[PDB]
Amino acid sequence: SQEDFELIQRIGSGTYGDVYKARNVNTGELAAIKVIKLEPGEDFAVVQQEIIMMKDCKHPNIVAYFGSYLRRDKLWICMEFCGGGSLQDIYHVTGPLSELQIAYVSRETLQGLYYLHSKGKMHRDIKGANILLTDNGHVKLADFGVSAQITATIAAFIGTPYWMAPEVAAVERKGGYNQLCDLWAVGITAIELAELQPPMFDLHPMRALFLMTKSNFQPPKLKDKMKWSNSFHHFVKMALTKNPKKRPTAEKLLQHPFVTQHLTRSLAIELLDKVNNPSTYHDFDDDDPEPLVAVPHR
């Protein structure tokens, strides 16, 4: 029941409700609980779908589902607690991530999407706010709300299609995209972790979307042409292929040098320590540990 957990503190805000740090009353285990307020009679098929998808995903790079409890218009969704927090929360304190840190995160995210895509699902909201870190440095993906929204909307034109002007047709269209769009978000997220914000972030949301549809649109690059290697640049160049049909899948991009190089969870531990560091030194004593083998000096 809900009574098995005690909400400790709000740690974020999901697509729907608030996320709270929580503790189990008996086991003492930590967990993250998404509290969602439901209005009577409202379309439940959406939060219902999110739970099902969470319930249907068991992968080391996806936030694991513990349980869900509904009590009087208040729905709790229990999941594993990622101590590090969102990457966005991290690089807001931390500076920009390292290239190797971006590389590690990217490979793990791609591993998560690989799983989702084989299942035939898509995340459709891949960003720094949805990529979490465990205390040991593991990378998990979160927030299946958007995914759930898109699935639920699979169910009416305004006007008649054939008589629509091209600019009206662009707005009257629906669907027509697949899971390869997640790969684009990986490319944008790569930039996001590098430059503390996605490209075009200063524009209005509608204005940014309109620019992407223009025929003369060219995919973003990394501003510092010299700060990052050719692999990182090339990785983003592939991930940010405008044409979806020629865009590399999750497996093809996992075969890329930038993510196929040696990358361990040490890099995330580093990142976590920097967040736990708001100090370049500490007290110490360095002399000869054992007198028995202490080299003499006169």
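The numbering used is simple: start at 1 and walk along the sequence shown.
*Asks:* Are any deposited residues left out of the model between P289 and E290, and how many (none, 1 to 3, 4 to 9, 10 or more)?
*Replies:* Unmodelled stretch: none, continuous chain.
*Asks:* Can you count, per the entry, how many deposited residues between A155 and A156 come without coordinates? Answer none, 1 to 3, 4 to 9, or 10 or more.
*Replies:* The entry has 1 to 3 unmodelled residues between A155 and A156.
*Asks:* Give the stretch, out of 61-69 and 243-251, with the larger mean C-alpha temperature factor in the deposited entry.
*Replies:* Here the higher of the two C-alpha B-factor means belongs to 243-251.
*Asks:* Can you let me know which of the two, 188-196 or 213-221, has the higher average C-alpha B-factor in the entry?
*Replies:* Per the deposited B-factors, the answer is 213-221.
*Asks:* Comparing recorded Cα B-factors across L272, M54, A32, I36, which one is largest?
*Replies:* Max CA B-factor in the entry, restricted to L272, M54, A32, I36: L272.
*Asks:* Maximum C-alpha temperature factor per the entry, among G95, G84, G112, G128, belongs to which one?
*Replies:* Going by the entry's C-alpha B-factors, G95 comes out highest.
*Asks:* Check where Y104 lands among this chain's C-alpha B-factors and tell me if it's the lowest, middle or highest third.
*Replies:* Its C-alpha B-factor, which the entry lists for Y104, ranks in the middle third among residues of this chain.
*Asks:* C-alpha B factor of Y91, ranked within the chain: lowest, middle or highest third?
*Replies:* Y91: CA B-factor falls in the lowest third of its chain.
*Asks:* What third of the chain, by the recorded C-alpha B-factor, contains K227?
*Replies:* Highest third.
*Asks:* Based on the deposited C-alpha B factors for this chain, I'd like to know if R10 is in the lowest, middle or highest third.
*Replies:* According to the entry, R10 has a C-alpha B-factor in the chain's middle third.
*Asks:* Looking at the temperature factor on the CA atom of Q49, which third of the chain's modelled residues does it land in?
*Replies:* Tercile = lowest for this residue's CA B-factor.
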